[PDB]
**Student:** 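Dropping the structure in here first, questions after.
Every heavy atom of this structure was used, including side-chain atoms; hydrogens, water molecules and symmetry mates were not. Lettering follows sequence order; numbering is per chain, from 1.
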Amino acid sequence: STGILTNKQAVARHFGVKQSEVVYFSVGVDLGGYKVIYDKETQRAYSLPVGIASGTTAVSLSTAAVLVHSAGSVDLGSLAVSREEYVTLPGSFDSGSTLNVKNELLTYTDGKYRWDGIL
Amino acid sequence: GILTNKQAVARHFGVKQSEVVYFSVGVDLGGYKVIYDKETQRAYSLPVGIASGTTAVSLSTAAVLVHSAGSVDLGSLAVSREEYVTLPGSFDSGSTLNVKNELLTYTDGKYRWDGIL
């Protein structure tokens with residue numbers, strides 16, 4: 001919609017890429033040429049690995065941000081970590097929380113932490 | 001207007017568009033993760049655990065939020081979460097700091113003011 005276009009614009013400004021380089025995830029969508037992917041259900045965006053060929057289509061995107069496509073698979077959470085693209089969850093260790101992605105950080109009194117174990 | 005702004009703000013904090021609320025007197029703060037001040041055009045993560053039915057009373061230029069249950073300095077909360085705004089200019093240009101999460105750039109790095117605002 002128009003809301004989809006303005007959201008691509010907000011996502012793009014956040015990552016510093018072009019509006020057109022943002023793609024919403026949907027089963028079967030062509031992923032080639034895109035730089036960032038947006039999960040409309042979780043409302044989280046992730047940078048995409050460079051090199052996805054045109055013709056490569058999306059298959060599934062888990063809540064742990066694991067993306068399966070026609071040519072293979074990629075953990076977008078891990079990739080985001082390597083790129084220091086993080087989401088700082090609301091609350092803290094004291095308030096408790098639930099982590100679902102590798103790029104989520106929980107704040108403790110001495111700084112932030114990411115979970116490297118089972119999600 | 002508001003809807004596209006909630007989008008921009010939500011994508012900045014990594015929350016859902018429906019988890020962003022605008023400040024206004026009386027607004028219900030339950031379940032929201034980020035509050036937006038339309039006057040100063042600044043956004044702040046809200047502390048967790050604000051009971052449903054808790055309504056906003058006032059929001060100062062220093063980002064001190066007063067509500068039904070009590071009050072919270074969103075500036076300090078923002079600092080605890082490393083969520084800052086880097087003001088335009090520098091110590092050379094001079095500036096005015098209004099919130100605890102505002103940074104002023106100097107020749108050797110950035111600084112936040114921990115005194116009277």
Side-chain angles (χ1 to χ4, degrees), chain A residues 1-40 42-90 97-106 112-119, chain B residues 1-22 31-34 36 41 43 45 82-83:
Chain A
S1 24
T2 316
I4 284 182
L5 278 164
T6 46
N7 187 58
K8 290 200 178 192
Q9 194 164 62
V11 169
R13 295 303 86 85
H14 184 78
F15 288 92
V17 301
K18 302 184 179 189
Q19 171 172 358
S20 52
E21 290 171 316
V22 177
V23 65
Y24 269 45
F25 167 85
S26 65
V27 170
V29 67
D30 172 45
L31 296 169
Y34 292 103
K35 304 310 177 186
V36 178
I37 187 173
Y38 176 78
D39 181 315
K40 73 165 80 73
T42 69
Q43 300 193 38
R44 293 284 170 88
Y46 305 90
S47 292
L48 284 163
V50 146
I52 308 278
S54 193
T56 297
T57 62
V59 160
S60 65
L61 180 61
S62 69
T63 62
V66 169
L67 168 75
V68 174
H69 50 72
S70 64
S73 187
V74 56
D75 187 331
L76 300 175
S78 277
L79 180 62
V81 164
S82 81
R83 293 172 59 83
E84 296 171 272
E85 284 164 346
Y86 291 109
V87 173
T88 299
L89 298 173
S97 187
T98 294
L99 289 75
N100 294 276
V101 203
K102 286 179 189 294
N103 80 329
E104 279 166 347
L105 301 174
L106 186 61
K112 302 183 189 178
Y113 295 83
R114 64 184 180 82
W115 179 242
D116 195 45
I118 302 309
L119 285 176
Chain B
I2 299 174
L3 303 187
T4 63
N5 192 44
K6 275 169 152 74
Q7 276 186 337
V9 171
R11 297 311 154 251
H12 180 87
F13 289 89
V15 297
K16 293 181 172 193
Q17 178 181 338
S18 82
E19 295 169 330
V20 181
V21 65
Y22 267 43
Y32 288 107
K33 301 314 186 182
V34 179
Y36 176 78
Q41 289 181 51
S45 289
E82 302 177 80
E83 284 170 341

**Student:** Return the OG1 to CG distance between A:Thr6 and B:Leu3, rounded to the nearest 0.5 Å.
**Tutor:** 9.0 Å
**Student:** Provide the closest heavy-atom pair for B:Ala8 versus A:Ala10 in the form atom of the first, atom of the second, distance.
**Tutor:** CA-CB, 3.8 Å
**Student:** Go through the structure and list residues passing salt bridge (charged side-chain N to carboxylate O under 4.0 Å, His left out) with A:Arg114, not counting sequence neighbours.
**Tutor:** A:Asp116
**Student:** Checking side-chain polar atoms at under 3.5 Å, does B:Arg11 have a donor or acceptor matched by the opposite partner on A:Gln43?
**Tutor:** yes
**Student:** Under the rule for side-chain hydrogen bond (donor to acceptor under 3.5 Å, both in side chains), what residues qualify as partners of A:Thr56, not counting sequence neighbours?
**Tutor:** none
**Student:** Enter the distance from A:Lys40:NZ to A:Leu61:CG here, rounded to the nearest 0.5 Å.
**Tutor:** 10.5 Å
**Student:** Take A:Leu67 and A:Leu48 through the test side chain to side chain contact (heavy atoms under 4.5 Å, CB included) and record every step on the way to the result.
**Tutor:** CA-CA 10 Å; A:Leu67 168 75; A:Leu48 284 163; 3.9 Å; yes
**Student:** Would you please name every residue forming a side-chain hydrogen bond (donor to acceptor under 3.5 Å, both in side chains) with A:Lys18, sequence neighbours left out?
**Tutor:** none
**Student:** Would you say that A:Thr88 contacts B:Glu82 through its side chain, given a criterion of any heavy-atom pair below 4.5 Å between the two side chains?
**Tutor:** no
**Student:** Return the minimal non-hydrogen interatomic distance between A:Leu89 and A:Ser97, and the atom names on each side.
**Tutor:** CD1-OG, 3.7 Å
**Student:** Could I get the full list of side-chain hydrogen bond (donor to acceptor under 3.5 Å, both in side chains) partners for A:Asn103, not counting sequence neighbours?
**Tutor:** none
**Student:** Applying side-chain hydrogen bond (donor to acceptor under 3.5 Å, both in side chains), name anything that partners A:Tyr113, two or more places apart in sequence or on another chain.
**Tutor:** A:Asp110
**Student:** Once side chain to side chain contact (heavy atoms under 4.5 Å, CB included) is applied, do any residues pair with A:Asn100, and if so which ones, sequence neighbours excluded?
**Tutor:** A:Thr98, A:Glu104
**Student:** To check you understand the geometry: which heavy-atom pair defines the closest contact between A:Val11 and A:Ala45, and what is its length?
**Tutor:** CG1-CB, 3.9 Å
**Student:** Run the side chain to side chain contact (heavy atoms under 4.5 Å, CB included) test against B:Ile2 and tell me which residues pass, sequence neighbours left out.
**Tutor:** B:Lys6, B:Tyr22
**Student:** Can you give me every donor-acceptor pair (side chain of residues 28-35 of chain A, partner residue at least two apart or in another chain, under 3.5 Å) with its distance?
**Tutor:**
unit_1, atom_1, unit_2, atom_2, d
A:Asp30, OD1, A:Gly32, N, 3.4
A:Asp30, OD1, A:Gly55, N, 3.1

**Student:** Sequence neighbours left out, what passes side chain to side chain contact (heavy atoms under 4.5 Å, CB included) with A:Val66? Give chain and number order.
**Tutor:** A:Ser62, A:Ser73, A:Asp75
**Student:** Listed by chain and number, what are the side chain to side chain contact (heavy atoms under 4.5 Å, CB included) partners of A:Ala65, not counting sequence neighbours?
**Tutor:** A:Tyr46, A:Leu76, A:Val101
**Student:** When rounded to the nearest 0.5 angstrom, what distance separates CD in A:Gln19 from CG in A:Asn7?
**Tutor:** 10.0 Å
**Student:** What residues form a salt bridge (charged side-chain N to carboxylate O under 4.0 Å, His left out) with B:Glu83, not counting sequence neighbours?
**Tutor:** B:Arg81
